[PDB]
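Heads up: the structure comes next, in structure tokens.
Worth knowing before you read on, the calculation uses all heavy atoms, side chains too, and leaves out hydrogens, waters and symmetry mates. Quick note on labels: first sequence line is chain A, next is B, and so on, each numbered from 1.
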Amino acid sequence: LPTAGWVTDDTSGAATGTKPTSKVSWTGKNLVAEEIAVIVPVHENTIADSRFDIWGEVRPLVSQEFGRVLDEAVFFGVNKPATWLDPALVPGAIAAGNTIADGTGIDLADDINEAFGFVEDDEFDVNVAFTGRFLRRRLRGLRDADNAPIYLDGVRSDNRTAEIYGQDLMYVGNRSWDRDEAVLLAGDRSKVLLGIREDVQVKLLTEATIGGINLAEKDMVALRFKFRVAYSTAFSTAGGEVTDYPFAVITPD
Amino acid sequence: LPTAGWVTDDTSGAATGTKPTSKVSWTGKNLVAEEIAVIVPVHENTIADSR
Amino acid sequence: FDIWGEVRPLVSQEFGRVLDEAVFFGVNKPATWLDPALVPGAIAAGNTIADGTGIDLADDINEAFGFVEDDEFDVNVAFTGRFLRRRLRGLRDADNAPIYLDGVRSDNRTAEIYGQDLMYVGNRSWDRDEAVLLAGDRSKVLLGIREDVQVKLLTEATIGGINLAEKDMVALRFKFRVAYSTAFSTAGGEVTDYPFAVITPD
Amino acid sequence: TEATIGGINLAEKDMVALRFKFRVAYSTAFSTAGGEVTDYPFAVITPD
Amino acid sequence: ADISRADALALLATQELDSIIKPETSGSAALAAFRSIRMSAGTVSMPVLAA
């Protein structure tokens, strides 16, 4: 950001009479596409003798697996491509210090309030939150010191666990969510950018050599699946601290 | 469930350019029929005489 | 991109930041503005309480509004940074039930305390090491505008030893003339009576 | 047209190959009902 | 042997975002909250009741 100053108007000799110079500056960063792939080989006699269309069963499972591999590179850092220079959201929030351990507050809703607090204190707005389905039990269980519920409208007719502090929760179903790294991640969705370079392509392989083995010579076939995608954090910390971050995490107890 | 991975695209000699393999698998189990039964005997005069 | 179209909005923000940190916190306050800035003025007046003195922050805010009321002024305005939102959501009774929100599930409305609207200072001019909250009477502060923001394109001047025309450079010069004073009477009161109060950090 | 067969890259060598395949089953089909278990429907002359 | 990505590099396309990533701007709390007057003189003098 530019910097201004107070100036005097008494005499031409005074150094405080000189208007200060200031610059503005910018930097580049790159959103770089990287590829998720898998090959699923099978024997032609397995395809011939099955009463199901095997590829009809394999295609949805690989589509889910691509979603899981992408998620555990974006949220957690597990097999993140080295060309994606930004940290993953969870280790990035931890390195930024936007972190609190589960069970340091009075109750889970206290720890969620502190997590939302770190984002707000970094000048970002909370508008997304992520967790595993295990949190629904924790939220339904929130009670006062007399054992009356403070989250539900009493125990009989209510179980709605869609939100906390008016913020909707995304429950992650993919096996992507590592509860040993994070209980919950909260932040500003506007500050992350994905790129889609190429949608899912599938090819039937019948002659290729895969690993050690030639498919035609083995009487095998395979499906090759591939998808090209990019991730970056898209936020400026101009005028802030270099460690201001648009996300925060609750880490396990 | 299948396992996917990340691949590079710079060079034909790089091991990180090779797409991984994986498998799906299945198991079978049985649903087996079993029988509940009873016989209820009575005299035909009891059927005739009851209101 | 248009360079001046990016530079102009950032300079008018910076002018607002320089004025705020002079008026509220005193950081580079001109020596000719003889009134203290609002925060150090409230601390010097003794209209101050440390955060965590009372039961909770809503107890401390009740005492802060009380210093203004006992000085015969009216709370009309309150200022704070974005960090107060989690403090207000975090107000529980001793059974851990919420006293600020309508329960923890569906509510996050944090605009207001004791029916007084909060001004969240997002200009990055707020200093949370100096104040948690400042409250008081807005009517008892007076600004003067002497001259609105003037901007001139320079193409021939020498700036900081840079000869602009000889170097094929240009510059924008921005200038603004402003005055600040506290405009209140303490007749019948004590000489230390003051139209603002602060909560200092814990 | 493209496969590697027996150390032979077909597309590189400008070759082709025809892969022939046949799936067949063989199991005896005789019932020893009424006779002995050892009853077999074949006899074989062995060489001298 | 083959056309690598380094051999093709000069032919590769490029792309740019349409806009600059920056924080939201805001004005002074001072000029928002407090009343102001036009000064014509560079100093204004103000009478105050004192007792």
Would you mind writing out the side-chain donor-acceptor pairs for residues 2-21 of chain E within the sub-3.5 Å range, not counting sequence neighbours?
residue: E/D2; atom: OD2; partner: B/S12; partner atom: OG; Å: 2.7
residue: E/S4; atom: OG; partner: E/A6; partner atom: N; Å: 3.4
residue: E/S4; atom: OG; partner: E/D7; partner atom: N; Å: 3.1
residue: E/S4; atom: OG; partner: E/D7; partner atom: OD2; Å: 2.6
residue: E/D7; atom: OD2; partner: E/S4; partner atom: N; Å: 2.9

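Ring planes of A/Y245 and A/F235: perpendicular class, angle over 60° (limits at 30 and 60°).
In this structure, C/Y100 has its ring center at least 6.0 angstrom away from the ring center of A/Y165. A/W177 and A/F76 have their aromatic ring centers within a separation under 6.0 angstrom.
Put simply, the side chain of A/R189 gets close to the backbone of A/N127: a donor and an acceptor are under 3.5 Å apart. Without hydrogens or angle criteria, A/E198 side chain to A/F227 main chain gives no donor-acceptor distance under 3.5 Å.
Between C/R85 and A/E114 no salt bridge is recorded (no basic side-chain N to carboxylate O distance below 4.0 Å). With respect to the salt-bridge test (charged N to carboxylate O, under 4.0 angstrom), the residues C/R86 and A/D110 do not qualify. Electrostatic pairing of C/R82 and A/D125 counts as a salt bridge here, judged by a charged N lying under 4.0 Å from a carboxylate O. Salt bridge annotation for C/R124-C/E21: absent, with no cationic side-chain nitrogen under 4.0 angstrom from a carboxylate oxygen.
Evaluation of the salt bridge (charged side-chain N to carboxylate O under 4.0 Å, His left out) test over residues 193-202 of chain C, restricted to residues two or more places apart or in two chains, returns none. Applying the side-chain hydrogen bond (donor to acceptor under 3.5 Å, both in side chains) test to residues at least two apart or on different chains, the pairs with a partner in residues 26-36 of chain C are C/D35-C/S181, C/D35-C/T182.
Counting only heavy atoms from C-beta outward, the side chains of C/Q13 and E/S26 approach each other to under 4.5 Å.
No side-chain donor-acceptor contact under 3.5 Å links B/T8 and B/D10.
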